[PDB]
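Presented below, as structure tokens, is a lone chain in the form deposited in one PDB entry.
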């Protein structure tokens, strides 16, 4: 009997902290197994839960459950008894299942980051399907099972002689080069390469969702306006020395290939030869390229219905203008995010924008006028069209903008929460696996710990990094409960049906 030999040896390495590691493993085992079963049940029960991101998350809870059941109990025994009580066959299988599950975890988290990046950042904004997500999951298991074959090849149960003897399970390499090169590759494949890729991907996602599209709900509101829009526009034109008329506005830098003021100026030259041009009013707000400023200043001197503002304006002033002008012109060549369109439409201004980038996303047929980018003759026709629309009431058109900009910002706020939760998961994944991955390279790649000063401290750190790996699987369901309202509700429904029979 192996266990009798352990009782005969137990005096040599008595661990008085065994209860703590045991209670910590019992706690993680129940929470990891319970929380991850609900994650599967929540996505498999609710069809509105079956998103690409959640199908990958189910795959994480599947690898999480698979090791919680097959690997955690054996790891608890080994770290406490320093002995392999299971067979030589399980000495290959358990280490294989543990490493495979670490690979399936990392590649799945990397696939979630790619799927978010192609959907949020790439200009095509691909919408992945569930069949595409399932084929990647099948590939992830196949690739993970194949790369971990060499790991099963080298595990070997052997008898150690400290005259009562161990049986231990460990890697057995022929030669001192292969393990060092292998664990360098194990480090890059499981942790360093996937974690770098995710940092680069979520940094672009954060900067776009939080800054480049993060409009201020509370500031850009129509509630800050007073009176009727007619009274504001009339006071607006009176300040600039102009008669009441249909008002167009351009706000942006004076650029060569970017914001398109050169297109607007070319458009104003086209319209200026028509009698209808005397009905329109143009506010052009910006500065930059001196020759464009001199072109806009020259049109302003020529026409009593053009007004150029080169001085800096406060957000409240621009908000007042969005609430008073009839239309806002955005003739950008390049506009990934379209933040000025969301701000204008939130205050009722009607956008006349290039059909590119975020303007093409934001502006619909019912909530603005799109035009081919860089085309002055297209933009002149649109400004002529907007004037024809202005002979009738525009209130239903303005209310469609406000609702469309609100619904679009409502979508950005929903994408922020999902990306924020995914970022917490990868952050906690780097925290949990960092100790074991660093301790594995110091031990296997650099030879540390061989000449031990304090072996008890080193064996204690290894036991901690191990528990921390299983703790990560207990942590993720708790992350979904606190950062996703759809998981938080479906979790509550699973407890009521299980403990009460209540529907939800």
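Residue numbers count along the first chain shown, from 1. We call the rigid core the largest set of C-alpha positions that still match within 1.5 Å between the two forms.
A.B. asks: If the chain runs straight from residue 288 to residue 289, say none; otherwise bin the unmodelled deposited residues as 1 to 3, 4 to 9, or 10 or more.
C.D. replies: None; the chain is continuous from residue 288 to residue 289.
A.B. asks: As stated in the PDB record, which stretch has the larger average Cα B-factor, 221-229 or 364-372?
C.D. replies: Going by the record's values, the stretch with the higher mean is 221-229.
A.B. asks: Comparing 482-490 with 7-15, where is the mean C-alpha B-factor higher?
C.D. replies: Comparing averages over the C-alpha atoms only gives 7-15.
A.B. asks: Which one of 397, 141, 118, 191 shows the biggest C-alpha B-factor in the PDB entry?
C.D. replies: Result of the comparison over 397, 141, 118, 191: 397.
A.B. asks: By the entry's C-alpha temperature factors, tell me which of 150, 245, 331, 95 sits highest.
C.D. replies: Highest CA B-factor of the listed options: 245.
A.B. asks: Divide the modelled residues of the chain into thirds by Cα B-factor and specify which third, lowest, middle or highest, holds residue 430.
C.D. replies: It belongs to the lowest third of the chain when residues are ordered by C-alpha B-factor.
A.B. asks: Going by the recorded CA B-factors, say which third of the chain residue 440 sits in, lowest, middle or highest.
C.D. replies: Middle third of the chain for residue 440's C-alpha B-factor.
A.B. asks: Can you tell me whether residue 307 has a C-alpha B-factor in the lowest, middle or highest third compared with the other modelled residues of the same chain?
C.D. replies: Ranked within chain, residue 307 CA B lands in the middle tercile.
A.B. asks: Quick check on the deposited entry: does the C-alpha B-factor of residue 466 sit in the lowest, middle or highest third of its chain?
C.D. replies: Within its chain, residue 466 is a lowest-third residue by C-alpha B-factor, going by the deposited values.
A.B. asks: Rank-wise, by C-alpha B-factor, drop residue 174 into the lowest, middle or highest third of its chain.
C.D. replies: For residue 174, the deposited C-alpha B-factor lands in the highest third.
Separately, the form deposited in another entry exists; it is not shown, and the next lines address it.
A.B. asks: Does residue 259 move its CA by 2 angstroms or more between this form and the one not shown when the core is aligned?
C.D. replies: Yes, the C-alpha position differs by at least 2 Å between this form and the one not shown.
A.B. asks: Honestly, after the rigid core fit, is residue 194 moving at least 2 Å at Cα between this form and the one not shown?
C.D. replies: False for residue 194: its C-alpha shift is below 2 Å.
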